[PDB]
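> Chains C and Z, in that order, give the protein sequences.
Reading the first sequence from the start, the letters are residues 6 to 372 in full-length UniProt numbering.
Reading the second sequence from the start, the letters are residues 6 to 372 in full-length UniProt numbering.
What follows is a single structure, and I will ask about it in a moment.
2 protein chains.
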Amino acid sequence: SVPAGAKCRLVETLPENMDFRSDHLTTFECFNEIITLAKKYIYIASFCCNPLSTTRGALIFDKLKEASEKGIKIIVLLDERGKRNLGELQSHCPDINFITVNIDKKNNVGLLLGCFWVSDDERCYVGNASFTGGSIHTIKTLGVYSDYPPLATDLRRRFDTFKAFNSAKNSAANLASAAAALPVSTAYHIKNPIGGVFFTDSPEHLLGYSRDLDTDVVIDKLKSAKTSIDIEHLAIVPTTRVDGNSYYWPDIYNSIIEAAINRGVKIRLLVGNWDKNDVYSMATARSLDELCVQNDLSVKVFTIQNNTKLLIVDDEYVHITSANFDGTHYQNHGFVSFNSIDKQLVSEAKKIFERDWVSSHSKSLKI
Amino acid sequence: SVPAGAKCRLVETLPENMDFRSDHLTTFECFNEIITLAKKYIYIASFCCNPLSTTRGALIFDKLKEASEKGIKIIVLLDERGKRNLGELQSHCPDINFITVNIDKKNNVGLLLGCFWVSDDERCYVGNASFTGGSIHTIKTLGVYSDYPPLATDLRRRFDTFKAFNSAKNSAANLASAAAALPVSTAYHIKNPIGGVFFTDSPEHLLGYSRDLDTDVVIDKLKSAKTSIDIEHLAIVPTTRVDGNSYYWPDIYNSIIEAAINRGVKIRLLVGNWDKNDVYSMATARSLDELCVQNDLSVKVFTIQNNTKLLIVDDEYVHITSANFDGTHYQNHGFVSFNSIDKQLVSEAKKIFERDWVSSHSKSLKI
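If you want it as structure tokens, here you go:
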């Protein structure tokens with residue numbers, strides 16, 4: 006029999022200078038457990054890699070360094086745009102294999118986000134805490150840890166896809182014959198979760214033929230919501246700026262408003278602070294602000310460094326990811342999203358959002 | 006050979022107390038020509054019917070009364086909600102057949118708009134001037150008149166569909182066996198225009214299997230725009246209020262903004278004046294207002310009585326209708342939309358919009 010929730014438990018970074026408290030496994034504790042128990046390999050994938058920026062981050066790096074010296078195969082995937090620290094990392098850990106990834110050499114827009122650890126096809130972390138000293142120590146993050154081998158193995162398959170886009174000679178990033186020959190496998194989708202847990206993936210041109218596009222799963226859940234929608238992301242604006250020109254993409258923005266206006270769903274949005282240099286965020290805010298007076302919409306903003314990407318629907322579905330609900334991410338960026346419908350696990354996530362909602366770092370939107 | 010533009014010419018109501026001028030056929034002149042030349046029938050369809058409210062409207066009614074007395078079959082279709090004047094109309098013209106229509110007895114939301122005349126399968130008017138004294142004399146309207154029999158005949162087929170929803174015993178509005186047995190025919194669609202002209206229809210549950218849904222044609226044109234989008238409607242808000250609760254529907258609203266932000270299309274919106282009792286129009290305005298500073302979007306408002314429903318795309322496509330670009334209309338209401346890709350006819354419509362844009366009755370949106 007498979008255990009309910011697939012042995013998943015929440016993981017978060019609660020910095021000392023912030024009022025967030027919990028009894029959950031800290032990110033620092035989590036990464037320490039993965040290294041300590043590792044016997045074969047440790048695979049890590051995040052956009053940036055800069056462990057030496059904080060005290061706890063550097064301790065994780067030394068534990069990882071000690072593991073690589075004891076015979077553990079350590080592979081760290083980072084996007085080619087987090088390449089600055091690469092020389093510093095290799096000089097500190099000459100036995101760890103660092104690989105720069107470019108999942109989009111056709112248009113140079115798609116970025117690798119990860120954001121996960123996996124080891125021995127048994128243990129894994131997935132969430133929004135990059136392999137940086139900030140995400141381990143000083144920045145609020147949220148993730149999930151499971152020591153269930155069937156689930157961790159399915160996460161390792163996501164690592165196989167990303168590693169194929171290394172910037173070296175014939176690869177899935179430089180040739181089309183080696184990219185179309187990539188088995189982009191997955192054992193569990195939304196159609197067949199494992200103990201109520203399943204992964205969704207992105208972007209669409211890396212799905213293969215069996216993986217679920219995170220865009221479709223997220224939107225379907227938002228459209229199927231019957232009572233509540235709680236979201237803690239960085240921004241829920243329908244417009245994002247890729248390099249020079251702006252990009253309009255209201256797919257998620259509409260599914261939220263549609264739930265509030267057409268179906269009377271109670272919605273609480275905990276997003277980043279708006280800025281005046283981009284006035285277009287104010288209009289999007291004033292549009293969301295006015296829907297709070299008769300529709301069951303509510304908006305609070307935070308200014309702290311916070312990587313949390315959390316979605317909870319009707320206390321029956323929880324979505325923890327590393328991407329933000331916007332067009333640039335959900336159409337170009339490469340990430341894997343944690344999904345669970347386990348009642349007990351969703352309950353623990355609802356407890357997290359309630360805490361964050363009434364935190365001193367969450368102020369009601371005023372314009 | 007078929008004539009380019011299908012012998013279509015623009016028709017508008019330019020009230021004396023407004024600064025609009027043109028050499029086009031006035032609505033009053035148009036309705037007079039249809040009656041004067043009629044030899045077999047005159048079919049009229051609009052939401053309301055109240056010709057006696059103005060001087061010119063009453064003159065049209067007397068001409069129509071004189072026609073019905075000379076043996077012309079006169080049928081006037083009005084929605085069952087414009088039923089107040091029905092007794093007054095029948096007492097003035099006992100030989101005209103007035104028929105109340107209910108195109109939606111399942112949910113009692115869909116309304117008959119028309120909005121057109123057709124006679125002898127030869128001449129027709131289509132536009133936004135209802136059979137009311139206001140639309141004939143004192144309210145700004147815009148429409149098209151053609152004496153091309155193949156085009157007028159295709160418009161009469163739209164009248165056959167609407168007449169079937171009379172509120173009397175077994176009909177397409179009271180039974181399902183008589184509604185599914187309705188040949189909802191059309192001779193010309195967007196796939197095969199006649200001289201560059203074709204009709205689109207609404208709602209979807211009255212399309213049959215050959216007619217084009219106006220919703221899809223309008224959105225496709227807005228998405229295919231490469232240079233300019235000019236619109237003169239009553240409102241382009243993504244939210245409308247049906248009876249008690251509100252209804253969110255941003256399909257057209259998004260296709261316009263997407264054209265401006267993603268494709269740099271120059272857009273000019275001439276819409277009705279926003280109100281403070283519905284603050285949600287202000288937020289939609291402030292969202293459109295801020296997109297005017299870097300994107301090629303522009304918004305002006307009018308307070309005059311104006312039924313004009315005009316869309317022009319890239320000076321290659323013109324869309325004149327009686328419905329407004331919102332969710333309530335394009336998903337429930339029964340109307341027929343004039344579409345033309347004739348360069349000369351689109352040119353005359355562009356001249357109309359340029360006039361209206363710089364009219365004294367069009368003020369730039371300020372919030």
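From the three backbone atoms N, C-alpha and C, an ideal C-beta is built for every residue, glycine too.
1) What residues from chain C crowd round residue 335/Z, counting only those whose CB sits closer than 7 Å?
2) Since I believe residue 277/C is in contact with residue 239/C (beta carbons under 8 Å), could you give me their beta-carbon distance rounded to a whole number of angstroms?
3) Measuring straight from C-alpha to C-alpha, what distance separates residue 367/C and residue 304/C?
4) Among the residues of its own chain, which have a CB less than 7 Å from the CB of residue 127/Z, if the five just before and after it don't count?
5) By Cβ distance, which residues of its chain are closer than 7 Å to residue 312/C, with the 5 residues on each side in sequence left out?
6) Classify residue 337/C: buried if its beta carbon has 16 or more other beta carbons within 10 angstroms, exposed otherwise.
7) Relative to the alpha-carbon of residue 342/C, which residue among 350/C, 332/C, 354/C and 324/C has its alpha-carbon at the smallest distance?
8) Any idea if residue 298/Z is buried or exposed, counting beta-carbon neighbours within 10 angstroms, 16 or more meaning buried?
9) Between which two residues does the alpha helix (DSSP H) harbouring residue 334/Z extend?
10) Applying the 10 Å Cβ sphere with the 16-neighbour rule, what's the burial state of residue 119/Z?
11) On the three-state DSSP scale, how would you describe residue 60/C?
12) Closer than 8 Å, CB to CB, is residue 284/Z near chain C or not?
13) What's the C-alpha gap between residue 213/Z and residue 230/Z?
14) Closest to residue 331/Z by C-alpha separation, out of 256/Z, 43/Z and 275/Z, would be which residue?
15) Would a C-beta distance cut-off of 8 Å place residue 320/Z and residue 233/Z closer than the cut-off?
16) Using a Cβ-Cβ cut-off of 6 Å (strictly less than) and excluding sequence neighbours within five positions of residue 70/C, which residues of its own chain qualify?
17) Shortest alpha-carbon distance to residue 201/Z belongs to which of 344/Z, 37/Z and 360/Z?
18) Suppose the cutoff is 6 Å on Cβ atoms and the five residues either side in sequence are ignored; what does the same chain contact list for residue 378/Z look like?
19) Could you tell me which uninterrupted alpha helix (DSSP H) segments, each at least 4 residues in length, are contained entirely in the stretch 145-170 of chain Z, listed from first to last along the chain?
20) Along the alpha helix (DSSP H) that carries residue 205/Z, what are the first and last residues, could you check?
21) Can you give the beta carbon distance from residue 295/Z to residue 285/C, rounded, assuming they're within the 8 Å contact cut?
22) Tell me, please, which residues DSSP counts as bridged to residue 84/C.
23) With a threshold of 8 Å on Cβ separation, who are the neighbours of residue 371/Z within its own chain once the five nearest residues in sequence on each side are excluded?
24) When the Cα of residue 246/Z is compared with those of 266/C, 288/C, 174/C and 61/C, which residue comes out closest?
25) List the residues of chain C that residue 292/Z touches, going by C-beta distances under 8 Å, in chain order.
26) For residue 251/Z, which residues in chain C fall below 7 Å Cβ to Cβ?
27) With a threshold of 16 other CB atoms inside 10 Å of the CB of residue 191/Z, please say whether the residue is buried or exposed.
28) With respect to 7 Å, is the separation between the Cβ of residue 188/Z and the closest non-hydrogen atom of the ligand SAM below this value?
29) When DSSP labels each residue in this structure, what does residue 50/Z get in the three-state scheme?
30) Less than 8 Å between the CB atoms is what I'm expecting for residue 49/C and residue 81/C, so what's the real figure, rounded?
31) Just the chain C side, please: which residues come within less than 7 Å of residue 262/Z by C-beta, in chain order?
32) Which residue spans inside the stretch 245-317 of chain Z form an unbroken alpha helix (DSSP H) run of at least 4?
33) Measuring alpha carbon to alpha carbon, tell me which residue in 307/C, 203/C, 355/C and 176/C is nearest residue 9/C.
34) If you run the structure through DSSP and keep just helix, strand and coil, what is residue 372/C?
35) Starting from residue 426/Z, follow its DSSP beta bridges and name the residues at the other end.
36) In the UniProt domain "PLD phosphodiesterase" (307-334) of chain Z, which residues sit with their C-beta less than 9 Å from some C-beta in chain C, listed in chain order?
Taking the geometry as given:
1) On the second sequence, position 330 is the one that residue 335/Z refers to. Within 7 Å Cβ-Cβ: nothing; residue 335/Z doesn't reach chain C, min ~16 Å.
2) As a first step, residue 239/C is located in the first sequence; it is residue number 234 there, counting from the start. As a first step, residue 277/C is located in the first sequence; it is residue number 272 there, counting from the start. That pair is a contact at about 5 Å.
3) Position 362 of the first sequence, counting from 1, holds the residue named residue 367/C. Position 299 of the first sequence, counting from 1, holds the residue named residue 304/C. Going by the C-alpha atoms only, they are around 9 Å apart.
4) In the second sequence, the residue the question calls residue 127/Z occupies position 122. Once the five neighbours on either side are set aside, the close Cβ partners of residue 127/Z are 152, 154 and 157.
5) Residue numbering aside, residue 312/C sits at position 307 when the first sequence is read from its first letter. Excluding sequence neighbours, residue 312/C sits near 133, 134, 140, 144, 145 and 146.
6) Taking the first sequence and counting its residues from 1, one reaches residue 337/C at position 332. Its Cβ being crowded by 16 or more others within 10 Å, residue 337/C is buried.
7) Locating residue 342/C in the first sequence gives position 337, counting from the first residue. When only C-alpha atoms are compared, the closest one is 324/C.
8) Translated into positions along the second sequence, residue 298/Z becomes position 293. Answer is exposed; the Cβ neighbour count stays below 16.
9) As a working note, residue 334/Z is residue 329 in the second sequence. Annotation: the continuous alpha helix (DSSP H) that includes residue 334/Z extends over 332-337.
10) Taking the second sequence and counting its residues from 1, the one referred to as residue 119/Z is at position 114. Buried, since its Cβ has 16 or more Cβ neighbours within 10 Å.
11) Within the first sequence, numbered from 1, the residue matching residue 60/C stands at position 55. Residue 60/C: helix per DSSP, three-state reduction.
12) Along the second sequence, read from residue 1 onward, the residue named residue 284/Z stands at position 279. Yes, residue 284/Z counts as interfacial toward chain C.
13) As a first step, residue 213/Z must be located in the second sequence, where it is residue number 208. As a first step, residue 230/Z must be located in the second sequence, where it is residue number 225. Near 28 Å, if we compare the C-alpha coordinates of residue 230/Z and residue 213/Z.
14) Here the question's residue 331/Z lines up with position 326 in the second sequence. Of the candidates 256/Z, 43/Z and 275/Z, the one whose C-alpha sits nearest the C-alpha of residue 331/Z is 256/Z.
15) Position 315 of the second sequence, counting from 1, holds the residue named residue 320/Z. Position 228 of the second sequence, counting from 1, holds the residue named residue 233/Z. Closer than 8 Å, so yes.
16) The residue labelled residue 70/C in the question sits at position 65 within the first sequence. Correct list, in chain order: 98.
17) The count along the second sequence starts at 1 and reaches residue 201/Z at position 196. Residue 201/Z has its Cα closest to that of 344/Z, out of 344/Z, 37/Z and 360/Z.
18) Residue coverage of chain Z in this structure runs from 6 to 372, which leaves residue 378/Z outside it and unanswerable.
19) The qualifying runs are 154-168.
20) Position 200 of the second sequence, counting from 1, holds the residue named residue 205/Z. Element bounds for residue 205/Z: not the alpha helix (DSSP H) but the beta strand (DSSP E), 202-207.
21) Taking the first residue of the second sequence as 1, we reach residue 295/Z at position 290. Taking the first residue of the first sequence as 1, we reach residue 285/C at position 280. So it is a contact: roughly 6 Å between Cβ atoms.
22) Taking the first residue of the first sequence as 1, we reach residue 84/C at position 79. 106/C, per the DSSP bridge assignment.
23) Here residue 371/Z refers to the residue found at position 366 when the second sequence is read from its first residue. None.
24) Stepping through the second sequence from its first residue, residue 246/Z is reached at position 241. It is 266/C whose Cα lies nearest to the Cα of residue 246/Z.
25) Counting from one through the second sequence, the residue named residue 292/Z turns up at place 287. Chain C residues near residue 292/Z: 288, 289, 291 and 292.
26) The count along the second sequence starts at 1 and reaches residue 251/Z at position 246. In chain order: 266.
27) For the purposes of this step, residue 191/Z is identified with residue 186 of the second sequence, where counting begins at 1. With 16 or more other Cβ atoms within 10 Å, it is buried.
28) With respect to the ligand SAM, the structure shown offers nothing to examine, as it has no ligands at all.
29) Taking the second sequence and counting its residues from 1, one reaches residue 50/Z at position 45. Three-state DSSP puts residue 50/Z in a strand.
30) Counting from 1 along the first sequence, the entry for residue 49/C is found at position 44. Counting from 1 along the first sequence, the entry for residue 81/C is found at position 76. Yes, they are in contact, since the Cβ atoms of residue 49/C and residue 81/C sit about 5 Å apart, within 8 Å.
31) Within the second sequence, numbered from 1, the residue matching residue 262/Z stands at position 257. The contacting residues are 253.
32) Within the stretch 245-317 of chain Z, the alpha helix (DSSP H) runs of at least 4 residues that lie entirely inside it are, in chain order, 256-266 and 285-295.
33) Locating residue 9/C in the first sequence gives position 4, where the first residue counts as 1. Ranking 307/C, 203/C, 355/C and 176/C by Cα distance to residue 9/C puts 203/C first.
34) For the purposes of this step, residue 372/C is taken as the residue at position 367 of the first sequence. Of the three classes helix, strand and coil, the one that applies to residue 372/C here is coil, per DSSP.
35) As shown, chain Z starts at 6 and ends at 372. That puts residue 426/Z outside it, with no answer to give.
36) none
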